[PDB]
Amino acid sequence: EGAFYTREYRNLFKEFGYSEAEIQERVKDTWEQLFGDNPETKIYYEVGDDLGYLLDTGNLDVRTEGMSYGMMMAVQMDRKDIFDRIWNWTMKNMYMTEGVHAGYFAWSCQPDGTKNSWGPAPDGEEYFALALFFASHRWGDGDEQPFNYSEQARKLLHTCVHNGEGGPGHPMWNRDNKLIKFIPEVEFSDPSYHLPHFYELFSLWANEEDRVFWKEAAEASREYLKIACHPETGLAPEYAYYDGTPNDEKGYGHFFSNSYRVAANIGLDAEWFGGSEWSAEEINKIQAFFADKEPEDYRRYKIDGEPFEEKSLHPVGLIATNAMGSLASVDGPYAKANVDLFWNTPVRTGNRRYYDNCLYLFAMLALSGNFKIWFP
């Protein structure tokens, strides 16, 4: 039974023999390397007294993926100061009041706040919403907008479901199949965006008129991952059609950066809402696939496992996600090896560090029993 029910979170590092003191130290150190004055590893930058952002180092921009991640990290770490800095920057610079995506958040901005696009990225929105609910529950709603966290969350999820009913906009979920979309104007998806464990919580906390929908989306997403993951290797494509098969029209049909998150998501869903035979077997497949492969040699792979010449752009993120997946198969043949590999992998430095280090901190939180549900 999941932590949602027991309110006890598995400390998998501890269960696998790491000391409580060393785990505590490693979690704090990871946070400090990302959010403190450690220029080589840092991804969070403070602006003035009331702003802050996470920098996508690989593209020199600020993304809703990163900002929503940073808010989730901040609430998990009980850092309202950092949470509010990031959320303030997000509302000031990213929230759109004009155009077909009014009510959503521009997916990419320059560090100065200028929007690079008026298109949103749904995986940002869903992380903003849950981070905001958690903020409301840990700290209480603030008296001034936009710090009325729970209202902001419910408003945002309203738009995600209902956009287009009163205007030219489009929803971020397909209303018929209850699946999250890659972007509002397309009819295909991205397996890594599927967060059934978030949707379960939305089914308790969103506007009441959408609570049944959110339960249905949770179930739809669990079913969708079964068809999207390769049956032998467990590998999911970056983009996939609603039928579960890869969308490779622009090269996103393979196992690469986006896909890494699928294992992590399965891990966290198992911890929060309970294990399943499917999830255990799926993590066992991915870990089996990587068992005989060196991190230095990790590639892009077709989902059937065929390797490309191209190396993984984010091999540390791949390590972190595979290790976080162990929460879904704690007795799995490779579960300990994956957790140990992660323990022995430092936080990343250099221009490509942002994505790896985000996945890294999520894995550190989850594997130490510190990626929690914050209830009202």
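In this text, residue numbers run from 1 along the sequence as written.
Undergrad: Tell me which stretch has the larger mean Cα B-factor in this entry, 93 to 101 or 160 to 168.
TA: For C-alpha atoms only, the mean B-factor is higher in 160 to 168.
Undergrad: May I ask you to compare 136 to 144 and 149 to 157 by their mean CA B factor in the entry and name the higher one?
TA: The recorded data point to 136 to 144.
Undergrad: If you check the C-alpha B-factor for each of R261, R175, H197, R300 in the entry, which is highest?
TA: The record points to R175.
Undergrad: Quick one: which of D123, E306, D210, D243 has the biggest Cα B-factor according to the entry?
TA: Of the options given, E306 has the highest CA B-factor in the PDB entry.
Undergrad: So where's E65 on the chain's Cα temperature factor ranking, which third?
TA: For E65, whose C-alpha B-factor we compare with every modelled residue in the chain, the answer is the lowest third.
Undergrad: Hey, what third does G274 fall into on Cα B-factor, ranked over its chain?
TA: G274: CA B-factor falls in the highest third of its chain.
Undergrad: Pull the Cα B-factor of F13 out of the PDB entry and bin it into the chain's lowest, middle or highest third.
TA: Ranked within chain, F13 CA B lands in the middle tercile.
Undergrad: Please place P295 in the lowest, middle or highest third of its chain according to the CA B-factor in the PDB entry.
TA: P295: CA B-factor falls in the highest third of its chain.
Undergrad: What third of its chain, lowest, middle or highest, does the C-alpha temperature factor of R85 fall into?
TA: Middle third.
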